[PDB]
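Colleague: my complex, first installment, coordinates as in the assembly:
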Amino acid sequence: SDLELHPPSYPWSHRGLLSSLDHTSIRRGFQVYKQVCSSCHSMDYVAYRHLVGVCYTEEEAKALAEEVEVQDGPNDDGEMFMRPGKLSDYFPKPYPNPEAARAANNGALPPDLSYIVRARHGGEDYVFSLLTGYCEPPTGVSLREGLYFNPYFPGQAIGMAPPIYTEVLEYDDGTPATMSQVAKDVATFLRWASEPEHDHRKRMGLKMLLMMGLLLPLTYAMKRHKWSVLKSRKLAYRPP
Amino acid sequence: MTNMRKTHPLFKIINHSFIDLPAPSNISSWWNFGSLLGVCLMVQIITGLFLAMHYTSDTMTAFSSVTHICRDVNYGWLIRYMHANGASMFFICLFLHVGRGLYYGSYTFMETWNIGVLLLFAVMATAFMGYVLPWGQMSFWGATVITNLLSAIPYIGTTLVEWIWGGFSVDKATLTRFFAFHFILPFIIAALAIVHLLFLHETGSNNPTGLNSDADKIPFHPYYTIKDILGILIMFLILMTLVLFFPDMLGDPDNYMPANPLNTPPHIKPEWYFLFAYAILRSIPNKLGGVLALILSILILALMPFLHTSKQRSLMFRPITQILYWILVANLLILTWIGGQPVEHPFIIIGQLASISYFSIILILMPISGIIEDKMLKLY
Amino acid sequence: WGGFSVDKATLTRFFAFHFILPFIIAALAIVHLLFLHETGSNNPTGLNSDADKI
Amino acid sequence: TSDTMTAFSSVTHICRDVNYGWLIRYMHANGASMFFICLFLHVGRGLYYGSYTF
């Protein structure tokens, strides 16, 4: 349809000017991506070494990397072998090429969710409204098999099967894995994946604001002190 | 002994330009802006140099190299977003500088004005090719749109566009030559700005009153030096709160996808400093006429010295032409808003009225208003 | 190097530096010519050439 | 193209597929050599005729 539905603004914990991301939510959204979203979507620009100092220690991230297998080679005989993963490895693609991705998902290519927050209007609000907005189609429109009605998708007929539901996965910390909680955690994690510099950027911005609020009256006072010779200058004209 | 500042053959130029240059005492804060432009220019160059140290001009490894800059290079996100937001702030300072020149009658310096118009063309070409450079979706499709409207030229347009492209479409030859041209053009802009300052210093600078300022003149140091340091620090404040708090309020989200020739975006538009030009282009139902109107819009900005039909230089004492000037500025804002809109109701008629009023205010109504106040003040 | 040896980072930064250096060379050549033209040039005999200049 | 996997290949693409790209590349290399020839003779002339007093 020509008319479209805009996602609402949710009160995110990082929505403030100086507010940081919640790293427990990023960790929870990482395992939400791992046991659910990694079967169809790739993460070509995020490695396992990007998670250390953010959500996991080096031992936990090393165990996560050694859980999955990565093709590597070739050897001295000239063949590609199947080694365990390392910290430097990128996240494993579900499909080697987009053609088998379109074949496995019935024509539709599942996109790379590396900057899917920054590639869409609304950011993570769009992702949260897309994952928690799967509703039945209204009367007057007929939906063919293999398509699903999501009003936040452009054209309102998305090709993605509804991926999350209640207790779709189990959390390590005992959080109740409701559908909205899973969607919020994966939206926080995708926001981190699009902007990994976000916390450092906001800390640098706080330092910039404090330093420039210090510097501005001081250099204004210096400018006004040097210009007070001209600002207080008086003129007189006495022809004979 | 001697004075080393005035007798050294190298220090004499800096003494004549930035130390003992006679300047009007009553110039306002708008006179900071051009100096800020120069500072912003070198800032761009510095950031660009470091963005040249990790970027690969190749369609397989352009977007991946940009993501490698953003994620893996230490503070590479900071330098990249400083480069983009400083390009936007460079155009902000450009429009305010040109608006100062239009309002205060600084276009009577004809050689300086035409040299500045040449600088404006060069920086617009530099920013266009630089926006093509990261090879997103909007980069590829904006390059396609601009080169197609260049191909609208009869009988030489097709040959010129396939020679600019290096092929039958936008490909890696176009990307590499755009990287080379985007690299080399700011040094041409720097040399041209040196010529710009040379012509200004041999003709002198202008006060906001438009009167002869030789009665009250002050050295550049230490008044306008510290005033420009304050302006530089305010420009750094706005640039740093744009790079550190809202990195993407001016950017395009569709540029964060890899470039796909098979998929076209639902809406294709250039950046906000091209949007009024695009809205002027989109109004005329003739592609040759649209390109003609774009080039003659910037050329009637260049032609503005020859429309001065008033005995007073600045607009300080000309309120009717002041009103027409603010109508022109608001019309430019309207064209900027329309340029980011699709061709739907009621944007076509609004854009056509905006372009007609823009050309009428620049060409017709301003000399008429100048003649009207000339009669109205008993000048002739 | 940008690393432990010569690698891709070294090649990219050397391309950027090789691009940027000749323009600095051109500006220094302008300063070179300016410093020469302040005092005039030299003749092969080493004498004062002010008696015969063209 | 300034990437290690596509530097030598891009140079061969210049010399083999670009129209007169071999002329441009070998002109660049031999022009660098002739540039150093001119530079060495310029320096030696400055040394011989006492031009270092400037």
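Modeller: Thanks, I have the structure now. Residues are numbered from 1 along each chain as shown, chains lettered A, B, ... in the order given.
Colleague: With just CA atoms, put stretch A:60-74 into PDB.
Modeller: Extracted in PDB, the C-alpha atoms of stretch A:60-74 (Å, rounded to 0.1, in the frame of the first residue of the first chain):
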ATOM      1  CA  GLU A  60      33.700 -17.200  27.600                       C
ATOM      2  CA  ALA A  61      34.200 -15.700  24.200                       C
ATOM      3  CA  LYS A  62      36.900 -18.200  23.400                       C
ATOM      4  CA  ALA A  63      34.500 -21.000  24.400                       C
ATOM      5  CA  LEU A  64      31.800 -19.500  22.200                       C
ATOM      6  CA  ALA A  65      34.200 -19.300  19.300                       C
ATOM      7  CA  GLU A  66      35.400 -22.900  19.800                       C
ATOM      8  CA  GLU A  67      31.800 -24.100  20.000                       C
ATOM      9  CA  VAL A  68      31.300 -23.300  16.300                       C
ATOM     10  CA  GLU A  69      33.400 -24.700  13.400                       C
ATOM     11  CA  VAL A  70      35.000 -22.500  10.700                       C
ATOM     12  CA  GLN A  71      36.300 -23.600   7.300                       C
ATOM     13  CA  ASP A  72      40.000 -22.800   7.000                       C
ATOM     14  CA  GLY A  73      42.900 -23.700   4.700                       C
ATOM     15  CA  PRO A  74      44.200 -24.800   2.300                       C
END
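Colleague: how's chain A carved up into domains?
Modeller: The record assigns chain A these domain ranges, following curated CATH domains: A:1-196, A:197-240.
Colleague: also put chain E on there:
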Amino acid sequence: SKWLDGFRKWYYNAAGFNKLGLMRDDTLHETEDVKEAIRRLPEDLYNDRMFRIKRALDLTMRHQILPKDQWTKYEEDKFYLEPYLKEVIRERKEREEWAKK
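Modeller: Placed with the earlier chains, chain E looks like this:
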């Protein structure tokens, strides 16, 4: 009639140079004809013009104006550069019509 004169006085107050102590003839952008007109001025009028321009620049620097009693009124605004300027334009037109023949 008198309505046009009152409306001219309102525009004269709306122009704003009279709040800087300026006159109308000081606000002329100096071309070559105006430069020769200034060159032909007597010394007292030239000194008064230079002081008025300097005071206007000093007021515009401080972003201030004169008090309302010190504003240049519309009545005594003497047009001092008009006869010199008229003779300069007449002599230039004489040179122009000689060179066109």
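Colleague: Pull the number of nearby residues for residue A:233.
Modeller: By the criterion of other C-beta atoms under 10 Å in any protein chain shown, residue A:233 has 12 neighbours. Heads up, the C-betas are built off the backbone N, CA and C, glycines and all.
Colleague: Next up, the contacts around it.
Modeller: By C-beta atoms under 8 Å, 6 or more residues apart in numbering or on different chains, the contact list for residue A:233 reads residue E:58.
Colleague: Residue B:140 contacts residue B:170, doesn't it?
Modeller: Yes - between residue B:140 and residue B:170 there is a contact at 5.9 Å, judged by C-beta atoms under 8 Å.
Colleague: can you list the residues of chain A near chain D?
Modeller: Nowhere does chain A come near chain D, counting by C-beta under 8 Å from any C-beta of the partner chain.
Colleague: Close to chain E: what parts of chain A are there?
Modeller: Taking C-beta under 8 Å from any C-beta as the contact definition, chain A meets chain E at A:230, A:231, A:233, A:235, A:237, A:239.
Colleague: now for those residues, which pair is the farthest apart?
Modeller: Spatial extent of the residues of chain A next to chain E (C-beta to C-beta) is set by the pair A:231 and A:239 at 26.5 Å.
Colleague: Which single residue of chain A ends up nearest chain B?
Modeller: As assessed by C-beta to the nearest C-beta, chain B sits closest to residue A:205 within chain A, at 3.4 Å.
Colleague: What is the neighbour count of residue B:309?
Modeller: 13.
Colleague: please slot chain F in as well:
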Amino acid sequence: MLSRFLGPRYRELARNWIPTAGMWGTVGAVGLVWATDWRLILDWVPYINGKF
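Modeller: Now chain F, sitting on the chains shown earlier:
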């Protein structure tokens, strides 16, 4: 505002400068034809009919 340039002396000056300007336009036309290898002109010159 170019009404200064209406007169017999300027008319005589322009009349003197017509053939030099026409010859310079001929030079510019031949230079643009030669440097671009235009097929609309060199196919009419009898000697140059070998490259087309």
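Colleague: try the neighbour count of residue B:309 again now we have chain F.
Modeller: Neighbours of residue B:309 (other C-beta under 10 Å): 14.
Colleague: got it, and residue A:90?
Modeller: Neighbour count of residue A:90, defined by other C-beta under 10 Å: 16.
Colleague: quick one: the closest residue to it other than its chain neighbours and chain F, what's the gap?
Modeller: Nearest non-adjacent residue to residue A:90, counting by C-beta to C-beta, 6 or more residues apart in numbering or on different chains: residue A:47, 5.1 Å away. Using C-beta to the nearest C-beta, to the nearest Å, residue A:47 is found at 54 Å from chain F.
Colleague: what does residue A:7 give?
Modeller: Counting by C-beta to the nearest C-beta, the separation of residue A:7 from chain F is 57 Å.
Colleague: Could you do residue B:39 as well?
Modeller: Distance from residue B:39 to chain F, by C-beta to the nearest C-beta: 40 Å.
Colleague: can you check residue B:52 too?
Modeller: Going from residue B:52 to chain F by C-beta to the nearest C-beta gives 35 Å.
Colleague: Would you report the backbone torsion angles of the residue nearest to that residue when sequence neighbours are not counted?
Modeller: Nearest non-adjacent residue to residue B:52, counting by C-beta to C-beta, 6+ apart: residue C:16, 3.9 Å away. Recorded main-chain torsions at residue C:16 are phi -60, psi -40, according to degrees, to the nearest 10.
Colleague: phi, psi of the residue nearest to residue A:90?
Modeller: With angles defined as degrees, to the nearest 10, residue A:47 sits at phi -100, psi 180.
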